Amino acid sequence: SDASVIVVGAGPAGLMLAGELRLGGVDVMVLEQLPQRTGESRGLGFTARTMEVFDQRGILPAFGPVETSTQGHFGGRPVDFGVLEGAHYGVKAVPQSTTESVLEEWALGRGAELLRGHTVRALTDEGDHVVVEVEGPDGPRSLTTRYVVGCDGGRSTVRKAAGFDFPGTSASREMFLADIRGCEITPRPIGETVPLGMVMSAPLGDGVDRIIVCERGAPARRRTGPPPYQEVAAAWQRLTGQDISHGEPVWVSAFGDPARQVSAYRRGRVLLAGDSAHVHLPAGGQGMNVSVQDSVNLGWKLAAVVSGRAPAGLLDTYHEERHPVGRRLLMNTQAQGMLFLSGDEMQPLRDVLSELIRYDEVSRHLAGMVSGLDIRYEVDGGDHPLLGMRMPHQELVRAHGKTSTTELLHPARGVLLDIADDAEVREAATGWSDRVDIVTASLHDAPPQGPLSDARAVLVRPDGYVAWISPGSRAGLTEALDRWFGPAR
């Protein structure tokens, strides 16, 4: 068995997972077909929760000094993300290429094995293990592993190989994206409706503008490689009345509006994460974020099962917790795109949306949805609001020195947070001290009526979601720890 887990594809999803797996104490092998990273940088910046999952692991400093704004939109419509206590829009500029850069450097630091110029062509789940056919630099090889995770993007080889179900609709439009030099092109962050469809445009920073075009009737086409630049340019004139012949392209590509999502996130011993599981219209910046977050859901869980520390039942929760999120990803993103991408025909409906956004409830809700902060998993049929949601960053007073909720998650074991000083709780948990870090501290600069007010103790999973809280969970701590970390030692 050449490695415990084989990850195929080394994009955000795969890189994040490879790291998460290593921290989980597991050897891992990433096969990526590309020899050197794309150079395309599709998305710009990342969401609040993606910011937080990076921070959970001490990855943010590698990004260089960065900014975070509260001014963002839901499908063009400005939403102030402040209205939801402790939320914001994200980190502003960062190109995917740099995120991907970062995460590679990380996981390699975490001792993951990355094999480039390695293309997976077929695979078979034999029951106790999985075999994988690979065309690499020196030729075709055959590898054996305990789990394979398809992180190979929108047209996943893995998903087709392992026989997944991929229901949904194929694309109906073709849109263009170009990053151009030289031309003197107006900003259109919200975009702009022109009789023949819509356009958008923004500046990025050193001589380069992004254009997006949507010629209304354009059919969907499968193509070999990007469109030739002059074809996009031709499209831009027929829409704006601007000639961009003279433009020198950096990247040019076509893309579309599909909506498909695997009906099961796991089959036997093969799993999918990122684009490979859910493919959609790129809109409201979600693709990378939600994918990276799939990896953070799965990583620790898989680590546990691989090493015999958890019953395979823990791994099903990856499906149960994420299919829903990916489904909402299709919903969120297609909605957002339809507002963004339509005629003067969609104007009435964004006029009402603008009217509704004005409330607090509404403004929170979409700021919740976009940022990924509204995620609540099923964990316990109890009263408390925080149950099953993410654990917010809160500074803590440890014996000698201050520390943070966020920093205790650096190692990716569970965190049990004794705040009231109850030896009774640190005892019930002793049988798990190998898997959960029992920490006893007090709160520092809490907002006197916040989510941790009147909380004696909290159980935080390795992905930083809350699994159990005192008071106000149906189940005792014993039931809870067994659920997520395995039997008592």
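Numbers follow the displayed sequence, beginning with 1.
- Higher mean CA temperature factor between 244 to 252 and 182 to 190: 244 to 252, per the PDB entry.
- Per-stretch averaging of Cα B factors for 229 to 237 and 393 to 401 places 393 to 401 on top.
- Of the residues listed, 127, 219, 205, 195, the entry assigns the biggest Cα temperature factor to 127.
- Based on the entry's C-alpha B-factors, the most elevated value among 214, 415, 151, 177 belongs to 151.
- Residue 42 sits in the highest third of its chain by CA B factor, as recorded in the PDB entry.
- Among all modelled residues in this chain, the alpha-carbon of residue 145 has a temperature factor (C-alpha) in the highest third.
- In the PDB entry, residue 98 places in the lowest third of its chain by CA B-factor.
- When all modelled residues of the chain are sorted by CA temperature factor, residue 74 is found within the highest third.
- Compared with the other modelled residues of the chain, the Cα B-factor recorded for residue 377 ranks in the lowest third.
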